[PDB]
2 protein chains.
Amino acid sequence: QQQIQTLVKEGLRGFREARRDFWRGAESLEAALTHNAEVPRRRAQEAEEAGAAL
Amino acid sequence: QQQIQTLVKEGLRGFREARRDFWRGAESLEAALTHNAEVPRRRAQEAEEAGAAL
């Protein structure tokens with residue numbers, strides 16, 4: 001109950017916190033790499049706006 | 001015929017060359033100051049294009 005129960009119950013919990021927050025970061029970065037890429041060549045205000053999001 | 005005829009005939013001729021070329025420069029600069037001023041605030045490719053003409 002000290003070691004193995006605690007580990008199963010609440011010993012993976014901050015690894016799983018960090019991992020879901022971390023893949024959330026890459027979800028948003030995957031989306032903003034797309035966003036960064038949808039910039040027309042003529043544009044400059046869209047370029048700095050897209051690039052700030054990236 | 002040496003001095004006063006020559007001066008009347010062809011003695012003002014390079015002053016008048018320089019002056020009409022010079023007011024021509026300011027005609028085009030008056031027009032390009034207008035041109036420089038017709039730039040929408042959103043724009044950056046129009047800004048550098050207008051500004052190069054100025």
# chains A, B, ... in the order shown; residues from 1 in each chain; ligands from 1
>>> select_by_dssp(residues="chain A", states="alpha helix (DSSP H)", output="PyMOL selection string")
chain A and resi 4-10+13-35+45-53
>>> residues_around(residues="residue 53 (chain B)", least_positions_apart="2", cutoff="8 Å", atoms="only C-alpha atoms", output="ChimeraX atom specification")
/B:32,36,49-51
>>> interface_residues(of="chain A", to="chain B", cutoff="9 Å", atoms="only C-alpha atoms", output="VMD selection string")
chain A and resid 42 to 45
>>> calpha_fit_and_write(fixed="chain B", moving="chain A", output="mmCIF file with N, CA and C atoms, in the first residue's frame")
data_model
loop_
_atom_site.group_PDB
_atom_site.id
_atom_site.type_symbol
_atom_site.label_atom_id
_atom_site.label_comp_id
_atom_site.auth_asym_id
_atom_site.auth_seq_id
_atom_site.Cartn_x
_atom_site.Cartn_y
_atom_site.Cartn_z
ATOM 1 N N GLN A 1 27.167 92.751 -83.029
ATOM 2 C CA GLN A 1 26.986 91.332 -83.494
ATOM 3 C C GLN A 1 27.774 90.236 -82.726
ATOM 4 N N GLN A 2 29.006 90.554 -82.297
ATOM 5 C CA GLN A 2 29.756 89.751 -81.329
ATOM 6 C C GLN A 2 29.063 89.538 -79.996
ATOM 7 N N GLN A 3 28.684 90.627 -79.317
ATOM 8 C CA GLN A 3 28.269 90.484 -77.936
ATOM 9 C C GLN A 3 26.754 90.429 -77.772
ATOM 10 N N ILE A 4 26.067 91.480 -78.236
ATOM 11 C CA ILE A 4 24.664 91.672 -77.861
ATOM 12 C C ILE A 4 23.753 90.865 -78.688
ATOM 13 N N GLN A 5 24.014 90.627 -79.961
ATOM 14 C CA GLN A 5 23.342 89.679 -80.758
ATOM 15 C C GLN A 5 23.426 88.232 -80.467
ATOM 16 N N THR A 6 24.636 87.839 -80.176
ATOM 17 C CA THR A 6 24.924 86.546 -79.595
ATOM 18 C C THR A 6 24.239 86.324 -78.260
ATOM 19 N N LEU A 7 24.298 87.305 -77.407
ATOM 20 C CA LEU A 7 23.632 87.107 -76.095
ATOM 21 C C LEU A 7 22.059 86.916 -76.223
ATOM 22 N N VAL A 8 21.434 87.828 -76.995
ATOM 23 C CA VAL A 8 19.966 87.697 -77.296
ATOM 24 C C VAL A 8 19.616 86.342 -77.980
ATOM 25 N N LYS A 9 20.430 85.984 -79.031
ATOM 26 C CA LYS A 9 20.242 84.751 -79.895
ATOM 27 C C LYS A 9 20.520 83.443 -79.202
ATOM 28 N N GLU A 10 21.549 83.279 -78.367
ATOM 29 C CA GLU A 10 21.939 81.968 -78.004
ATOM 30 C C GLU A 10 22.733 82.073 -76.645
ATOM 31 N N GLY A 11 22.540 83.194 -75.858
ATOM 32 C CA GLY A 11 23.349 83.484 -74.645
ATOM 33 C C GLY A 11 22.458 83.105 -73.389
ATOM 34 N N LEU A 12 21.159 82.826 -73.505
ATOM 35 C CA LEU A 12 20.221 82.464 -72.432
ATOM 36 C C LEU A 12 19.809 80.988 -72.503
ATOM 37 N N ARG A 13 20.335 80.320 -73.510
ATOM 38 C CA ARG A 13 19.919 79.036 -74.032
ATOM 39 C C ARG A 13 20.235 77.896 -73.096
ATOM 40 N N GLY A 14 21.350 77.913 -72.401
ATOM 41 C CA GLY A 14 21.655 76.875 -71.400
ATOM 42 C C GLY A 14 21.081 77.062 -70.022
ATOM 43 N N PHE A 15 20.833 78.314 -69.644
ATOM 44 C CA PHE A 15 19.948 78.681 -68.537
ATOM 45 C C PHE A 15 18.516 78.171 -68.798
ATOM 46 N N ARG A 16 18.008 78.253 -70.058
ATOM 47 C CA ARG A 16 16.630 77.908 -70.303
ATOM 48 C C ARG A 16 16.508 76.404 -70.396
ATOM 49 N N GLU A 17 17.549 75.682 -71.044
ATOM 50 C CA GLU A 17 17.744 74.228 -70.928
ATOM 51 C C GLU A 17 17.658 73.700 -69.573
ATOM 52 N N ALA A 18 18.500 74.280 -68.600
ATOM 53 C CA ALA A 18 18.601 73.829 -67.164
ATOM 54 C C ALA A 18 17.312 74.065 -66.423
ATOM 55 N N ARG A 19 16.695 75.271 -66.547
ATOM 56 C CA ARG A 19 15.436 75.619 -65.951
ATOM 57 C C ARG A 19 14.216 74.754 -66.332
ATOM 58 N N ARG A 20 13.973 74.517 -67.642
ATOM 59 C CA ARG A 20 12.870 73.624 -68.093
ATOM 60 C C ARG A 20 13.096 72.155 -67.665
ATOM 61 N N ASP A 21 14.390 71.667 -67.676
ATOM 62 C CA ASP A 21 14.751 70.298 -67.179
ATOM 63 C C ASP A 21 14.500 70.272 -65.612
ATOM 64 N N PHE A 22 14.946 71.282 -64.897
ATOM 65 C CA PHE A 22 14.749 71.443 -63.450
ATOM 66 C C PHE A 22 13.260 71.504 -62.898
ATOM 67 N N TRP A 23 12.358 72.276 -63.510
ATOM 68 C CA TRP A 23 10.932 72.358 -63.257
ATOM 69 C C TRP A 23 10.254 71.024 -63.716
ATOM 70 N N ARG A 24 10.750 70.423 -64.822
ATOM 71 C CA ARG A 24 10.405 69.006 -65.149
ATOM 72 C C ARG A 24 10.680 68.033 -64.030
ATOM 73 N N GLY A 25 11.888 68.081 -63.350
ATOM 74 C CA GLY A 25 12.176 67.346 -62.111
ATOM 75 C C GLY A 25 11.272 67.542 -60.978
ATOM 76 N N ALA A 26 10.784 68.743 -60.823
ATOM 77 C CA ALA A 26 9.847 69.068 -59.702
ATOM 78 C C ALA A 26 8.368 68.713 -60.002
ATOM 79 N N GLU A 27 8.048 68.571 -61.344
ATOM 80 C CA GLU A 27 6.804 68.095 -61.836
ATOM 81 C C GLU A 27 6.583 66.625 -61.562
ATOM 82 N N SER A 28 7.577 65.887 -61.931
ATOM 83 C CA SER A 28 7.642 64.559 -61.526
ATOM 84 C C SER A 28 7.757 64.277 -60.012
ATOM 85 N N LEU A 29 8.539 65.074 -59.231
ATOM 86 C CA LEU A 29 8.569 64.951 -57.780
ATOM 87 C C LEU A 29 7.247 65.344 -57.112
ATOM 88 N N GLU A 30 6.510 66.374 -57.625
ATOM 89 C CA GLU A 30 5.134 66.760 -57.136
ATOM 90 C C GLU A 30 4.190 65.599 -57.287
ATOM 91 N N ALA A 31 4.217 64.919 -58.473
ATOM 92 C CA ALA A 31 3.420 63.774 -58.859
ATOM 93 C C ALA A 31 3.793 62.546 -57.931
ATOM 94 N N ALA A 32 5.063 62.231 -57.693
ATOM 95 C CA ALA A 32 5.577 61.160 -56.841
ATOM 96 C C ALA A 32 5.469 61.349 -55.352
ATOM 97 N N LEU A 33 5.422 62.637 -54.871
ATOM 98 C CA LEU A 33 4.913 62.959 -53.526
ATOM 99 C C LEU A 33 3.471 62.621 -53.307
ATOM 100 N N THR A 34 2.638 62.870 -54.348
ATOM 101 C CA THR A 34 1.195 62.347 -54.378
ATOM 102 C C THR A 34 1.109 60.847 -54.376
ATOM 103 N N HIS A 35 1.988 60.248 -55.243
ATOM 104 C CA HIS A 35 2.063 58.839 -55.418
ATOM 105 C C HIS A 35 2.476 58.082 -54.150
ATOM 106 N N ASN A 36 3.471 58.653 -53.340
ATOM 107 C CA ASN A 36 4.039 58.266 -52.124
ATOM 108 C C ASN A 36 3.020 58.312 -50.956
ATOM 109 N N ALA A 37 1.975 59.109 -51.200
ATOM 110 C CA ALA A 37 1.000 59.454 -50.154
ATOM 111 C C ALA A 37 -0.183 58.548 -50.314
ATOM 112 N N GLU A 38 -0.510 58.045 -51.543
ATOM 113 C CA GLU A 38 -1.575 57.051 -51.808
ATOM 114 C C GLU A 38 -1.181 55.637 -51.416
ATOM 115 N N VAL A 39 -0.803 55.389 -50.155
ATOM 116 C CA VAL A 39 -0.417 54.070 -49.647
ATOM 117 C C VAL A 39 -1.387 53.717 -48.520
ATOM 118 N N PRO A 40 -2.225 52.692 -48.727
ATOM 119 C CA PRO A 40 -2.986 52.129 -47.653
ATOM 120 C C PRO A 40 -2.198 51.673 -46.475
ATOM 121 N N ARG A 41 -2.558 51.961 -45.168
ATOM 122 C CA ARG A 41 -1.852 51.548 -43.913
ATOM 123 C C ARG A 41 -1.544 50.052 -43.689
ATOM 124 N N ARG A 42 -2.427 49.173 -44.100
ATOM 125 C CA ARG A 42 -2.218 47.729 -44.166
ATOM 126 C C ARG A 42 -0.999 47.242 -45.000
ATOM 127 N N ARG A 43 -0.644 48.091 -45.990
ATOM 128 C CA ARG A 43 0.291 47.618 -47.000
ATOM 129 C C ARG A 43 1.723 47.859 -46.768
ATOM 130 N N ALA A 44 2.549 46.963 -47.372
ATOM 131 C CA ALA A 44 4.027 46.893 -47.211
ATOM 132 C C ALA A 44 4.810 46.751 -48.571
ATOM 133 N N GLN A 45 4.181 46.051 -49.533
ATOM 134 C CA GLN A 45 4.665 45.898 -50.856
ATOM 135 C C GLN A 45 4.272 47.148 -51.661
ATOM 136 N N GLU A 46 3.090 47.725 -51.360
ATOM 137 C CA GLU A 46 2.806 49.035 -51.907
ATOM 138 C C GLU A 46 3.634 50.117 -51.340
ATOM 139 N N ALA A 47 3.968 50.061 -50.018
ATOM 140 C CA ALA A 47 4.905 51.019 -49.356
ATOM 141 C C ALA A 47 6.285 51.072 -49.868
ATOM 142 N N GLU A 48 6.883 49.888 -50.155
ATOM 143 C CA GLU A 48 8.244 49.928 -50.654
ATOM 144 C C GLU A 48 8.304 50.350 -52.165
ATOM 145 N N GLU A 49 7.292 50.008 -52.915
ATOM 146 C CA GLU A 49 7.043 50.310 -54.334
ATOM 147 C C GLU A 49 6.735 51.793 -54.564
ATOM 148 N N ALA A 50 5.888 52.342 -53.699
ATOM 149 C CA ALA A 50 5.631 53.732 -53.792
ATOM 150 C C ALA A 50 6.876 54.517 -53.433
ATOM 151 N N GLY A 51 7.481 54.105 -52.250
ATOM 152 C CA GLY A 51 8.701 54.779 -51.771
ATOM 153 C C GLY A 51 9.855 54.696 -52.651
ATOM 154 N N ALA A 52 10.061 53.728 -53.506
ATOM 155 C CA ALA A 52 11.152 53.652 -54.429
ATOM 156 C C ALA A 52 11.047 54.708 -55.597
ATOM 157 N N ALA A 53 9.808 54.919 -56.079
ATOM 158 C CA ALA A 53 9.412 55.953 -57.010
ATOM 159 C C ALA A 53 9.677 57.382 -56.447
ATOM 160 N N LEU A 54 9.408 57.638 -55.121
ATOM 161 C CA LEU A 54 9.735 58.850 -54.463
ATOM 162 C C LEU A 54 11.275 59.117 -54.368
#
